[PDB]
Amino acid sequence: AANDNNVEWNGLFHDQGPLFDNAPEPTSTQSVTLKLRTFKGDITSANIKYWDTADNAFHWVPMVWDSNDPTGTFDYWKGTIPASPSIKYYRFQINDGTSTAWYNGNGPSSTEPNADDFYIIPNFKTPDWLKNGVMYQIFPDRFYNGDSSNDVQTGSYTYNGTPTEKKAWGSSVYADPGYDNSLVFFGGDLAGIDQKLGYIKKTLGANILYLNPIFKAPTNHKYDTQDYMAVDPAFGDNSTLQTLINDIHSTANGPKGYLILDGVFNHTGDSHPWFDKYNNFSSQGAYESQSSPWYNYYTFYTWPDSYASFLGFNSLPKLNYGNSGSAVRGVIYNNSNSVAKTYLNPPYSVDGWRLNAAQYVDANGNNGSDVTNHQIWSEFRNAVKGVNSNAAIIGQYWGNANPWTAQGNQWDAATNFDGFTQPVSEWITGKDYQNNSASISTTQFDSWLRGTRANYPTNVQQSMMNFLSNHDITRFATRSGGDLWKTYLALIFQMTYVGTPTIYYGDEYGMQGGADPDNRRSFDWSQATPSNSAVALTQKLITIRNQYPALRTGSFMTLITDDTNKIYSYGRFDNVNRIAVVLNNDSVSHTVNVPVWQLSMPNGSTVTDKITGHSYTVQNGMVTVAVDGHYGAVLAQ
């Protein structure tokens, strides 16, 4: 490069990784020093332009040359944004004579952008254990029956007239005629999870467990809560939970663990005593009497038959949050004995909440995604963080969750359907998570990923729940057509991307399954051993991620987007490690020349592909590696 009236986009780079930001999660008194990379001698001047919410205006900070990288290929320019309590958004203006370029969250641009700027949210912190961990999601009744003395037998009880149906471990999910799918039980329980912690924390290596609803409810999924204060009998009792939590936090059975519970706070089940639609309690529920002490916990359009609910499901009456200080806000999160605080405080001390149907929470029966909804989650964060600043808050949302994350006053992260699950599905399987024809090329995949990461503050990005499948979508293995290699590729990307790798139980060995409830099959324990190819890769990958902090909190830079050979390469790097991930999304092998010079990997140095164990030497800024079809290489140094 040189001073030739031309800014070379390929040499430019910035993100909030260690090499470019000295304060990614600053307090009110900490200044933020940013570094912008360019090819050596490529420009004449650069400036940081930031919008300050404190005065609703732009501010200008000219940058100064700082240093060259070890390879002498790049320049690092720097500038500092002053410390203050206000949220700020920044972008860079880059000039080389008569040539000007702009750069922000969405990368380089010839014209000045007005969106996707980088974020500076003083005092906003997401749990670092979440940024650095690996999560394992378990649907209780389908993981492992550790105690058969609490199994829901056929005809054990009825819900809305229908009797429960038990099935042999491994048998089909769908309920035989005469029963309901929501009332099928296999026997999975807490005791089982406790007994299988070794498989979770050692065989695989995950250190975070996220469980679907475990509180008293008639169904098998239990999103229709009957009693938030009690573990459902089919899963055990509250003592069983305390023991499970102890064994999860214990370091005697593997690395320290964390437990995230599913918080179903937008609605209760219609069988909850506050509502009591079928009169299962001597008390008078809202549905039973307009004089009920909990009558105003719900919203009736036509008492008692027509009321606000989750997506029209009468079995899920919607909770009325009213105004600040309401009784409902109290039992959910404000009260010391609320659902949220009870489990976060001893003797439970869980580590987080996954917020079910979070966008809908509101007052008076409204549908959320409004001012009131956001005020509620703001108060929710204060309540939760007040009890435990290191308790995670992850909201369920299918699209861009920027509205509940980008102001640092609500959630720490969200279910990453739009930024991970969907794009990964369409690129690798040619299907969307619903299993409908939907394919994207490598260049599109990469663009999609950048655009979605840009929707969030960096600490939020690193905390996103990135799963291949989950209880509401079709199994990746099914969308893949039963092809294990596609799962191999998905796992490699998952374990080396930005955000919390989240493994939906069974996905580690390639468990198949269609749409609800076929996506909740029982777990096959004979297939959960390193003797399984996917399981073995999962354990190896988790070990790899755990070894390199760069994979969890390092920078992310695109290296290759080849639509011809279907090759995708990107680097993850920090002050210590430089890793070039090379993914082959084609059905045939390809020899790729990886431009590791972009990550500043010194010529003559070596890199090890941790997937195959093979070693390579960097020559002329390149690493030549032959990657099998639907496989990948993790070249690290």
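So that there is no doubt, residue numbering starts at 1 and follows the sequence shown.
**Student:** Between 501-509 and 116-124, point out the one with the higher average CA B-factor as the PDB entry records it.
**Tutor:** Higher of the two, by average CA B-factor, is 501-509.
**Student:** Mind pulling up the entry and telling me whether 234-242 or 442-450 has the higher mean Cα temperature factor?
**Tutor:** Higher mean C-alpha B-factor in the PDB entry: 234-242.
**Student:** Checking the entry, which one of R142, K78, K277, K88 has the top C-alpha B factor?
**Tutor:** The C-alpha B-factor peaks, among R142, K78, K277, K88, at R142.
**Student:** By the entry's C-alpha temperature factors, tell me which of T421, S182, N95, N455 sits highest.
**Tutor:** Spelled out: the listed residue with the top C-alpha B-factor is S182.
**Student:** Could you place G613 in the lowest, middle or highest third of its chain by Cα temperature factor, using the values in the record?
**Tutor:** It falls in the top third of the chain.
**Student:** Could you place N575 in the lowest, middle or highest third of its chain by Cα temperature factor, using the values in the record?
**Tutor:** Highest third.
**Student:** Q434's Cα B-factor: lowest, middle or highest third of the chain?
**Tutor:** Ranked within chain, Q434 CA B lands in the highest tercile.
**Student:** Considering every modelled residue of the chain and its Cα B-factor in the PDB entry, is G621 in the lowest, middle or highest third?
**Tutor:** According to the entry, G621 has a C-alpha B-factor in the chain's highest third.
**Student:** Based on the entry's values, in what third of the chain does the Cα temperature factor of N3 lie: lowest, middle or highest?
**Tutor:** Middle third by C-alpha B-factor.
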